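Examining the three-dimensional arrangement
These are the residues of each chain, in order.
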Amino acid sequence: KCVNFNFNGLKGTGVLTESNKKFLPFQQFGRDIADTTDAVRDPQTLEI
Amino acid sequence: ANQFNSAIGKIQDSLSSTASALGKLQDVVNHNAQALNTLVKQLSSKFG
Amino acid sequence: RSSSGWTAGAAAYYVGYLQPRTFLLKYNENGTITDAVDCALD
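Residues numbered from 1 in each chain as written, not as in the entry; some residues may be left out. Chains lettered and ligands numbered in written order. Part of a larger assembly, values for the part shown. Heavy atoms only, no water.

As recorded in the PDB header, cryo-EM is the method behind this entry, and the stated resolution is 3.40 Å.

Along the backbone of chain B there are 3 helices and 0 strands. Each helix and strand of chain B, placed in order from N terminus to C terminus, yields the pattern α-α-α. Projected onto the principal axes, the alpha-carbon positions of chain B cover approximately 70 × 15 × 10 Å. In chain B, which comprises 48 residues, the share counted as buried stands at 2%. Split by element, the accessible area of chain B, about 4600 Å² in all, is 57% carbon and sulfur. (Helix = DSSP H or I, 4+ residues; strand = E, 2+ residues; numbered from the N terminus. Buried < 20%, exposed > 50% of the residue type's maximum accessible area, 1.4 Å probe, protein only. Areas by Shrake-Rupley, 256 points an atom, 1.4 Å probe, with all protein chains shown as cover.)

Turning our attention to the overall build of chain A. Of regular secondary structure, chain A possesses 0 helices and 4 strands. Traced from its N-terminal end to its C-terminal end, chain A shows the element sequence β-β-β-β. Along the three orthogonal principal directions, the C-alpha set of chain A runs to about 25 × 25 × 20 Å. Burial analysis of chain A (48 residues in total) assigns 12% to the buried set. In chain A, the proportion of contacts linking residues at least 24 apart, taken out of those at least 6 apart, comes to 10%. (Contact = heavy atoms within 4.5 Å.)

Let us look at the pattern of salt bridges. All names here are of chain C. In the structure shown here, the tally under the stated rule is 1 salt bridge over all chains. A salt bridge links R21 to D38; its shortest N-O distance comes to 2.7 Å. Here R21 is found in the segment before strand 1 (23-25), whereas its partner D38 is found in strand 2 (residues 36-38), with 17 residues between them in sequence. (Salt bridge = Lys/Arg side-chain N within 4 Å of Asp/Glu carboxyl O.)

This paragraph deals with the packing of aromatic side chains. In total, this model carries 1 aromatic pair over all chains according to the counting rule given. Aromatic side chains A:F5 and A:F7 sit 4.7 Å apart centroid to centroid with 25 degrees between the ring planes, which places their arrangement in the stacked category. Relative accessible area serves as the criterion here: at 16%, A:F5 is assigned to the buried category. Positioned over the ring face of C:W6 is C:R1, at 4.0 Å from the centre of the ring. (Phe/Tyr/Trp six-rings, centres within 6.5 Å; stacked < 30°, edge-to-face > 60°. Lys NZ or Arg CZ within 6 Å of the ring centre and 35° of its normal.)

All names here are of chain A. Pairing of strand 3 (residues 29-31) with strand 4 (residues 37-40) involves 3 bridges; the strand directions are antiparallel. Within strand 4, the position partnered with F29 by the bridge is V40. Taking the residues between adjacent antiparallel strands as the criterion, strand 3 and strand 4 are bridged by 5 residues, where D35 takes a positive phi near 55 degrees. (Pairing = 2+ DSSP bridges.)

Residue and element names in this part refer to chain A. Residues other than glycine seldom take positive phi values, yet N8 does so here, at roughly 50 degrees. Mapped onto the fold, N8 is located in the loop between strand 1 (3-7) and strand 2 (10-14). Here the phi dihedral of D35 falls at roughly 55 degrees; this positive angle occurs in a residue that is not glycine. Looking at the secondary structure, you find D35 in the loop between strand 3 and strand 4.

What follows is the structure, encoded as structure tokens:
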């Protein structure tokens, strides 16, 4: 669903889908080719 | 008919090997490849 | 031992330094850097 985001103070609008890649456990978020946040770790449980 | 039929087959052997004869059409794509990657890299700039 | 009579084996260690320089960093799909290019050396 297209919804508004507030993730640890960072805001955006998008659709949450499951990441198939291998990520760092200490990673808060990550950036695209345009340096905007395309992926973010969930704060309560560990999922990106 | 010996000279003309051998002359068409030298064009087909040249285009199957040398790729730089079609590179004038490849500069049409590569100037547009830098143009569409221009506006992506401007979004990461802080602009002051 | 088998501070006076203490013995030791063999090991080696290195000490480096840092300079204000610029690297290029290649990123793959898995997030592992496979190449680094220092600009001002060559």
